[PDB]
Amino acid sequence: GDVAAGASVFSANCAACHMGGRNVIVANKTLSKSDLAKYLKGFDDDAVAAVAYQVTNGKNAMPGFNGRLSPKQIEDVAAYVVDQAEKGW
Amino acid sequence: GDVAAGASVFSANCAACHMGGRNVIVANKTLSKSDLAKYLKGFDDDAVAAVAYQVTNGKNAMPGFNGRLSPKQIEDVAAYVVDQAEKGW
Amino acid sequence: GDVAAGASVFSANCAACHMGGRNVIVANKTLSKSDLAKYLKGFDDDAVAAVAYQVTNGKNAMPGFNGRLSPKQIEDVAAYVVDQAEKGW
Amino acid sequence: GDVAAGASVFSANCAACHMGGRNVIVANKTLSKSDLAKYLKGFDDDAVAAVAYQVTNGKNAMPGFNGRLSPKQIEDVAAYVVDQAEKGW
Amino acid sequence: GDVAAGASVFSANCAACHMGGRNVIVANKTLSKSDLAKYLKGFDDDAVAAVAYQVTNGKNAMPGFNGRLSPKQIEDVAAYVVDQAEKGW
Amino acid sequence: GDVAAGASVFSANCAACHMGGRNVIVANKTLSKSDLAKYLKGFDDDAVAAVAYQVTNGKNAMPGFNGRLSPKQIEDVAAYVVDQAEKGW
Amino acid sequence: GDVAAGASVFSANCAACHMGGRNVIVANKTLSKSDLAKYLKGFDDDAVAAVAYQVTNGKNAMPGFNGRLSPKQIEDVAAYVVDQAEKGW
Amino acid sequence: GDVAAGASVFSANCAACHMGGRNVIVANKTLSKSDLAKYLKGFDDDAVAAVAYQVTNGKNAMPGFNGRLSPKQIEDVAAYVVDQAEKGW
Amino acid sequence: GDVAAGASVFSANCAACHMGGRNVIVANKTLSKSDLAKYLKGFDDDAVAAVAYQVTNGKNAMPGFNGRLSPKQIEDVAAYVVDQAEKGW
Amino acid sequence: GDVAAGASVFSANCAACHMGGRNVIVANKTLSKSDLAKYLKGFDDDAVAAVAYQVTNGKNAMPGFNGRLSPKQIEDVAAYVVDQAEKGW
Amino acid sequence: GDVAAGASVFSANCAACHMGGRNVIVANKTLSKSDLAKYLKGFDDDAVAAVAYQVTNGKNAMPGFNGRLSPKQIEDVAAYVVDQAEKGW
Amino acid sequence: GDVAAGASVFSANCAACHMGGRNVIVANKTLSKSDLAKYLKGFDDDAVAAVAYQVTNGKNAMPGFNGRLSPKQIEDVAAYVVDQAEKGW
Amino acid sequence: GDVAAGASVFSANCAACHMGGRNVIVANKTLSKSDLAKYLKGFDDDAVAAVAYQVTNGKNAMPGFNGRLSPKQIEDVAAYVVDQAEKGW
Amino acid sequence: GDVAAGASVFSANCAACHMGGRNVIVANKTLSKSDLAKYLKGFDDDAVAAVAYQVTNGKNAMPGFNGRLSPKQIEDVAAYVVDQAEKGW
Amino acid sequence: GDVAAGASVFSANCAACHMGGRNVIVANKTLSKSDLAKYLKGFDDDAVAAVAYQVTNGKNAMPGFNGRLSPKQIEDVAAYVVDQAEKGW
Ligand code: HEC
Ligand code: HEC
Ligand code: HEC
Ligand code: HEC
Ligand code: HEC
Ligand code: HEC
Ligand code: HEC
Ligand code: HEC
Ligand code: HEC
Ligand code: HEC
Ligand code: HEC
Ligand code: HEC
Ligand code: HEC
Ligand code: HEC
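Residues numbered from 1 in each chain as written, not as in the entry; some residues may be left out. Chains lettered and ligands numbered in written order. Part of a larger assembly, values for the part shown. Heavy atoms only, no water. Residues with missing side-chain atoms left out of burial classes, pairs and counts.

*Asks:* Sorry if this is basic, but what is going on with the coordination of the iron atom of ligand 13 here?
*Replies:* Geometry reference: four tetrahedral donors at a metal, ideal angle 109.5 degrees. Six octahedral donors, ideal angles 90 or 180 degrees. Residues and elements named next belong to chain N. Taken together, the protein ligands of the iron atom of ligand 13 are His-18 (NE2) and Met-62 (SD), with distances of 2.0 to 2.3 Å. Around the iron atom of ligand 13 sit six donor atoms; with metal-centred angles ranging over 80 to 176°, the donor geometry is octahedral. Residue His-18 is located in helix 2 (residues 15–18), and its partner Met-62 is located in the loop between helix 4 (47–57) and helix 5 (71–87); the two are separated by 44 residues in the primary sequence. Of the residues examined, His-18 reaches a relative accessible area of 13% and is grouped as buried. (Donors = N, O, S within 2.8 Å, 3.2 Å for Na, K, Ca; no water. Tetrahedral: all angles 85-135°; square planar, octahedral: opposite > 155°, others 65-115°. Helix = DSSP H or I, 4+ residues; strand = E, 2+ residues; numbered from the N terminus. Buried < 20%, exposed > 50% of the residue type's maximum accessible area, 1.4 Å probe, protein only.)

*Asks:* Any chance you could explain the relation of the copies chain O and chain M here in plain terms?
*Replies:* The operation relating the two chain copies consists of a rotation about an axis and a shift along that axis. Superposing chain O onto chain M requires a rotation of 119° together with a translation of 0.5 Å along the rotation axis, leaving an RMSD of 0.1 Å. Here the transformation between the copies is reduced to the relation of a three-fold axis. Distance from the rotation axis, computed per C-alpha, reaches its smallest value in chain O at O:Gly67: 3.1 Å. (Least-squares fit on C-alpha atoms.)

*Asks:* What exactly am I supposed to notice about the interface of chain D and chain E here?
*Replies:* It is common to report an interface's size as the accessible area lost on association of the parts. Across the boundary between the two partners, chain D contributes twelve residues, which contact seven residues of chain E. The interface formed by chain D and chain E includes zero salt bridges. Inspection of the chain D/chain E interface yields three residue pairs in polar contact. Of the residues contributing to the side of chain D that touches chain E, the split by class is three nonpolar, seven polar and two charged. (Contact = heavy atoms within 4.5 Å. Salt bridge = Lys/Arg side-chain N within 4 Å of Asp/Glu carboxyl O. Polar contact = N/O pair within 3.5 Å; in protein donor to acceptor, adjacent residues only side chain to side chain. Nonpolar A, V, L, I, M, F, W, Y, C, P; charged D, E, K, R; others polar.)

*Asks:* Just to check I follow, could you spell out the arrangement of the chains for this structure?
*Replies:* Separated in space, chain A and chain D share no contact, their closest pair of C-alpha atoms being 22 Å apart. Between chain E and chain I there is no contact, and the shortest C-alpha to C-alpha separation is 46 Å.

*Asks:* Whenever I open this one, unusual backbone geometry confuses me. Can you help?
*Replies:* Excluding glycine, a negative phi dihedral is what most residues carry, and trans is how most peptide bonds are arranged. The residue G:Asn60 is not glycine, and still its phi comes out positive at about 40°. Relative to the helices and strands, G:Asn60 is located in the loop between helix 4 (47–57) and helix 5 (71–87). Among the residues examined, G:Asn60 registers a relative accessible area of 43% and is labelled partly exposed. Of note, L:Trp89 is a non-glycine position whose phi angle comes to about 45°, a positive value. One can find L:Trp89 in the segment after helix 5 (71–87). A relative accessible area of 31% places L:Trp89 in the partly exposed class.

*Asks:* Honestly, the pattern of salt bridges in this entry has me stumped. Any pointers?
*Replies:* Any two side chains of opposite charge can pair, so long as their charged atoms come close to each other. On inspection of all chains with the given rule, the structure shows 31 salt bridges over all chains. The partner of D:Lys87 in a salt bridge is D:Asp83, and the shortest N-O contact between them spans 2.8 Å. Pair noted here: D:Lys87 and D:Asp83 are both in helix 5 (residues 71–87), with a separation of four residues, about one helical turn. Taking the relative accessible area as the measure of exposure, D:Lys87 reaches 65% and is therefore exposed. For the salt bridge of H:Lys33 with H:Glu86, the shortest nitrogen-to-oxygen distance reads 3.9 Å. Note that H:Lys33 is positioned in helix 3 (residues 33–39) and H:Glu86 in helix 5 (residues 71–87), a separation of 53 residues in sequence.

Structure follows, in structure tokens:
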């Protein structure tokens, strides 16, 4: 449910710009472990947390989802992202 | 207006899951003084504040209303909740 | 997520006949602990399981959701029902 | 009620492919005693049971109704089929 | 027809979560021989059967298709999956 | 599958004008052996083939399905028609 | 683009209450340098930042745009406000 | 096209009350040769014409289609009715 | 039903220009016995018929209802008009 | 209240066909003392009762209000009708 | 009009449970002469009246239409039912 | 079924004004044995009948359900009321 | 009628904020004798009048109904409130 | 303007119940000098004032217009009523 | 909230004729301090009160809002008007 629900959240909220784990706005900032490690702050420490944080506050071109998603929904989707990034989309 | 307006805010934004001060998602986390005291962080110190904080940031299954409601609207509704919880819905 | 997601499942699939935990078809077979204990087979052994089983296979007027819901969705909703029945809808 | 309710179940779930007791998909596998005896496994032993079993698990082009119908609904409709087949549709 | 029809069934019912033989929900449980062998029960004994069984009953986040698909449709799609997995999607 | 799948094809593509094996456009050109024998070219020689040919090229008011259906789908449905016509719809 | 895009953001999100740089809700809290200096916290230190902060978190009657706008969009619009306030709307 | 187009006209304009050639309003006034002969004026002289005339002017509960249908459309549908009535719907 | 149904027909189709039995288009051509007698052809022979005829064919500014209303509907409404005109609207 | 409330009842339920105390369906059966005396059964004996009875059971084209209105509402409106009829609408 | 209007009444009020003259609630209590004779009280004496009476008072699962329909409307629809049942829907 | 079905009838038709056996319109005329005995005519002879009679004809502010409910539905609900009143709601 | 009509007025105009005699806006100012006595001016002298006065002029967050309701409607509803408050909602 | 504007006010606000100077609710309380003298308090002393007062405060079934109309509007319409009553509507 | 809520009230109820603080009906009677001082009675003593009073009772062409707005809503909007008039709309 954690990861499995994150999938739902993802298609409904993230797939627009992160189809297939890519990045339709800023090309080189994708959701691949490689990039996630390179550009996400604190990704090596706590992957999920790092992602979750980003999702919550947004960044540059990327809006945050603080009001839109429940904390749970955010954990779930971050968890999904990490899990998907580990296998390679 | 403080409490009286909070009522408007409440029906329009909270009644969906907190009809009658209950909790349609997580049964045991209702808006009764009893529960509010038990589960809300800092409720005995500053009731309103505590509530307001929750509303602002959300929690688990409950989304936050940071972007959706104005700070005022949040104070107002929290104030309502407390007032209503004190008399017992 | 377990219980919290069950809530979603419930409104989308059960509220039609069990809005408020009642029973719009067969009056006396509601989702109150009292009734659940009285009429559900094995409720006193494993509440969730008992419920889940019912949901999966249906019973009399009540259709089963075997094909419609994923096992996970069924666990989740059953979990919700129990949790909600414990506090009293 | 047994047979009488099976009738309801039948129109709502079986008449699509078995209107008039025929077989719109596989011509020669109808619901006539003659055919039922010829192709249904164990029809001579326990007619109802045999039918019920088929309904529950499906077979080849025919889907099963395990999750969709309650066990009772299945008994009921099988009972109907047998009764109707005895009389000749 | 066996495999060829399974293809139809697949796009219509499975491609949503298994496009390209991947797994959009649970990353590491894909439809590659490698994974199918690793996680599917009895895959080495009877590939098709194993798959068919899964499809029929569902598993965890994956719903079953017992009522939705005819036994035949299930054989067909399982047959497709195996054939496609052998070649590598 | 041959005949059984033709059934699917039939409802999805032919039942509009041939529900019950009749002919809603040109009354007397139905799908009964009697008529099929009377009006279809080469029906006596190779029933299926004859039908299949018609389906592929269409005729007068009846459109052909050359591009719409795969050769297989056409064989299948023709096979169905013949089988159904032999038993009498 | 910084300032130029902020203009777009502004009409689409702020002009409703800050038409012409005024304040339709709270009269005396406008977007004129004079007022901005008087009431905005830290305006003399970093104008843009100060504004941006306000926009992000909202204040009293004014909602925040944390979830609605991307950080960039917020920088852009704040930049616009300052630039416009410097010349005098 | 005469008869074949009449079919289109028929479903679009007559099937509402004459589906299957019956009469949903006045039971015994159907479109069967038997009835058509019995109740339609001049049916044994010029079938089509008789029908066409009815369609044009309407009769009792049945509205006429003078303004709605083109003369051709009327000929066409009348022709269809006769042809269909001759074979027996 | 004759007169009583005519009432329905009347509001739905005639009241637009003949509310209260007046004539919103051509002032002096109302539905009062006085006028009806004066301007309607054959009103003193067969009131209903006269009216009915008008309704069917229309006249000058007034459209006819030949295709729109069934002959019965026309009889009914004409009957209503006469009955209402006799008492005086 | 008796008569005064009947007024409310009247506009809400009777004015549709009896606005101004007339009769839009059956012209000559109005609510004038003259007519009421002529056509209502027992009007001379107990005016109110007579009316009330009609209202309760309906008559020909006029539906009854047995289930729709409470006995009280019926008394009230009948009382109104009589009072209004006495003064002449 | 009698029968013809009953048709309107029927679709608007009865077709929901008696479309095609069947019985969607209680299978075996249809509107066929056969059944009507078997289960309706006094059907052999005065068909219409018998039906009308049922319609007026309802019976078991079937609600009555006393307040909803005018006596007239009830006569009309009963008349329709009988007429339709005589021919055979 | 008698009492058990009356429960269904009750929520669907009576709970609006008699939730919990109270009386939302006329305070002191509730459904408690105490009151029922005090105000219902003949309650002390045949409880059910007394109630049933009331339900059928209504009384003052309370509408009757003669046309709306079938006699069985009325018996059933009256039976429920009595049973519930004996037990104290 | 006095009290009984007040009930109608109440649901239509007061139940929005006083459902069940509570106070959805200002928690502690309910319609219980206890509170009514505590906060309503002159409640001990003339209950109805006191209430009626409030309803007419409104008070704080509660609007008055001077123009909306007739004096009568106001008496009626006040009378209801008192009667209901005496019994305890 | 005094009287002339009162006319506007009257059609817009009073004609609903006092068309033609009658009284659609309470028959015998019309706006004729005769009645006005008979039932209006102080009509003989200051006609206008008397009327105006009534309009302002309402009476029994008649609502007051205190908040709805400006004092002038009230003077104006009262003036109209008197003037019209003197002349006999 | 006082002023801030008045803003809401204003757009919803006053902007129609006082958009931008102007006066669409009577040109020279605007909501500018200048005019407010000139034409509003007692504006120099208690601005808010003066305004509030006007709003409550209306004046000439301007309707009053006595019944429509709660006293609180009236205070709020008056407060807004004054505040807005002080800075200059
Ligand atoms: C489109 C408008 C976006 C939506 C919807 C979401 N994201 Fe996004 N995301 C977007 C951009 C342009 C960027 C790069 C911003 C920058 O300057 O760094 C991002 C970045 C991410 C990242 C990090 C990727 C990396 O740095 O390599 C994550 C983890 C991320 N986005 C997650 C994410 C999720 C899960 C979303 C749904 C809730 C989501 N994004 C939506 C643009 C957009
Ligand atoms: C439904 C989707 C929700 C909406 C809308 C709001 N709340 Fe909620 N709230 C919800 C849940 C599931 C929970 C429990 C979450 C947890 O794990 O703790 C809450 C909790 C609260 C609480 C605290 C109750 C307690 O802990 O006993 C408060 C004070 C609260 N919610 C307030 C509140 C208000 C005022 C809302 C409207 C703006 C609101 N909630 C909406 C779910 C949802
Ligand atoms: C309406 C058509 C139904 C839907 C949708 C669901 N349920 Fe139901 N449920 C229904 C009936 C008529 C009955 C009684 C059947 C009988 O003869 O026993 C039930 C019963 C239950 C129960 C047990 C209640 C009890 O016995 O006291 C449970 C636990 C239950 N239903 C759960 C449930 C859930 C969670 C559903 C959604 C997935 C659901 N039901 C749907 C009718 C209907
Ligand atoms: C259409 C898609 C079907 C529905 C709906 C149901 N049945 Fe069916 N049924 C169908 C087929 C194609 C077949 C033959 C499959 C084969 O290869 O054997 C069947 C067979 C039966 C039979 C046995 C008939 C015989 O073998 O002579 C029974 C008893 C039967 N079906 C019952 C039945 C009932 C009661 C259904 C409703 C719940 C039902 N079928 C639905 C196709 C379809
Ligand atoms: C999305 C909601 C799903 C649909 C539609 C289908 N499948 Fe799926 N499938 C899904 C998940 C999340 C999983 C993993 C569940 C687990 O915990 O094991 C699966 C798994 C499979 C597998 C096995 C893959 C493996 O274990 O390596 C098979 C063979 C499979 N799914 C087949 C399949 C087919 C053919 C479907 C269409 C009828 C189908 N799935 C739909 C999620 C979903
Ligand atoms: C409606 C627009 C049609 C659709 C869809 C299909 N058919 Fe049809 N078919 C139609 C007509 C008007 C006719 C007669 C044309 C003529 O002038 O001969 C036909 C005829 C057939 C026949 C032969 C029947 C006979 O001659 O007795 C066959 C075998 C036939 N049609 C098959 C068929 C199938 C299987 C279709 C689905 C793929 C199909 N038709 C569709 C009109 C229409
Ligand atoms: C209307 C509902 C608002 C929208 C949309 C936005 N703002 Fe606003 N803003 C509003 C109010 C009522 C106030 C005053 C709140 C208080 O009590 O201080 C503000 C204030 C500002 C300010 C500061 C002005 C000052 O203090 O002098 C800024 C810089 C500001 N608002 C910016 C701003 C921008 C850029 C917006 C769009 C994204 C925006 N506001 C929207 C009310 C509302
Ligand atoms: C429903 C409102 C109707 C529509 C649409 C059409 N018809 Fe009809 N038709 C209807 C009725 C009630 C009757 C009987 C009227 C009477 O009192 O005689 C009819 C009759 C016919 C007939 C003659 C049947 C017979 O007398 O046995 C024909 C030939 C007929 N209708 C043709 C027809 C056609 C082709 C239509 C479409 C253009 C059509 N009807 C529409 C009611 C209705
Ligand atoms: C408005 C566009 C009309 C509708 C709708 C209907 N009628 Fe009419 N009607 C209209 C006009 C302008 C006239 C006068 C035309 C002329 O030059 O004579 C009429 C006339 C009648 C009459 C006769 C009145 C008289 O001559 O004194 C009748 C009997 C009549 N109209 C009936 C009638 C009915 C029943 C209608 C509904 C089906 C209907 N009219 C509609 C304009 C319009
Ligand atoms: C329209 C569909 C009607 C509604 C609404 C009501 N009434 Fe009616 N009423 C109507 C008709 C067609 C008739 C005549 C029926 C007949 O054949 O006798 C009536 C008659 C009355 C009468 C008697 C008038 C008389 O016979 O002179 C009364 C007293 C009456 N109607 C009262 C009445 C009231 C008070 C209604 C509201 C609750 C009401 N009617 C509604 C048609 C319709
Ligand atoms: C669905 C909720 C119904 C509506 C709408 C109407 N009827 Fe019905 N009807 C219904 C049922 C469940 C039954 C059987 C009740 C029993 O226990 O006997 C009936 C029965 C009839 C019958 C008699 C059929 C028979 O006994 O064989 C008639 C004549 C009948 N219904 C008529 C009828 C009409 C004309 C309606 C419209 C006004 C109508 N019914 C509506 C359920 C429902
Ligand atoms: C609300 C509009 C009502 C509905 C729905 C039903 N009842 Fe009622 N009931 C209502 C009132 C106002 C009264 C009192 C009327 C009077 O002046 O006596 C009643 C009374 C009863 C009673 C008797 C209670 C007593 O006298 O102590 C019974 C037994 C009763 N009502 C039963 C009942 C049932 C079973 C209903 C559903 C079918 C029902 N009522 C509906 C108002 C209303
Ligand atoms: C309908 C709901 C009403 C509206 C609108 C207005 N009036 Fe009325 N008015 C009405 C009633 C029921 C009564 C009688 C009340 C009673 O018990 O006395 C009245 C009375 C008057 C009168 C006095 C008539 C008389 O006593 O003979 C006057 C002068 C009067 N009404 C004036 C009046 C005006 C001018 C209105 C518009 C602003 C107005 N009424 C509206 C019912 C209704
Ligand atoms: C339009 C139909 C109006 C609405 C809506 C409101 N007002 Fe108005 N207002 C209107 C007019 C024509 C006038 C002048 C009347 C006169 O003869 O004096 C007014 C006046 C005011 C004023 C005083 C302005 C001045 O005298 O300079 C105020 C303070 C005022 N209006 C306030 C106001 C408010 C706050 C409203 C909303 C609740 C409101 N008006 C609505 C016309 C209309």
